[PDB]
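Encoded as structure tokens, the following chain is the form deposited in one PDB entry, with no partner shown.
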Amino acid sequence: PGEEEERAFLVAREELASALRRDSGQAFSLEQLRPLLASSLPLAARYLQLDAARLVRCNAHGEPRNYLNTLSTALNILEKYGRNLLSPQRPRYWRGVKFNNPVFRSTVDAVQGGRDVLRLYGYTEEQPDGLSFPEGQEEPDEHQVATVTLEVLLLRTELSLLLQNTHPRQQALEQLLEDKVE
């Protein structure tokens, strides 16, 4: 991980976050994400907003095929919350998220630290049955939301590829989990 290796990564990371701001419903290809996937950087360096190591530590229980799927699905839902905040057609009820929502209960509530990601978006204040933005806040911090969404999108992409045995840096992640995803 040289200085020119850390430079290429920061740059693509800032650009991809900008891509989300322009089109929130936009889908990202594997080739589009690879500069952030195939980098030889420390885990704590790739995920600055997201605590990837803690997500693994608190959720890696049982078979890899199980908790990686539980994790990907949860991250997928969390990603959508972010995409919605950046969307031109944003729900009028965007200021809050309810934990007893059918999708949330079956996805995000299954993973430890799902609520922690929501606060990164801006859902910092405690509302009944969930989290919400402060009352005085007019709009989401689009740059903050774009940054978090990208990392959430990133981590899900890595976990998905692990299951597929197609990750460009597969060995490093299997050493993190200390188990092979068959």
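Start at 1 with the first residue shown and count on from there. In this text, rigid core is short for the largest set of C-alphas that superpose within 1.5 Å between two forms. Shifts are known only where both forms have a C-alpha.
- Of the two segments, 26 to 34 and 148 to 156, the one listed with the higher mean B-factor is 26 to 34 (C-alpha atoms only).
- Per-stretch averaging of Cα B factors for 80 to 88 and 98 to 106 places 80 to 88 on top.
- Reading the B-factor column for the CA atoms of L68, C58, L48, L120 in the entry, the top value corresponds to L48.
- When the modelled residues of the chain are ordered by their C-alpha B factor, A172 lands in the lowest third.
- The entry lists a Cα temperature factor for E126 that places it in the lowest third of the chain's modelled residues.
In what follows, reference is made to the form deposited with a partner chain bound, a form of this protein that is not presented.
- When the partner chain is considered in the deposited complex, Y47 lies well away from it, no heavy atom lying within 4.5 Å.
- After fitting on the rigid core, stretches of 3+ residues whose CA atoms all move by 2 angstroms or more between the shown form and the other one lie at 2 to 4, 101 to 103.
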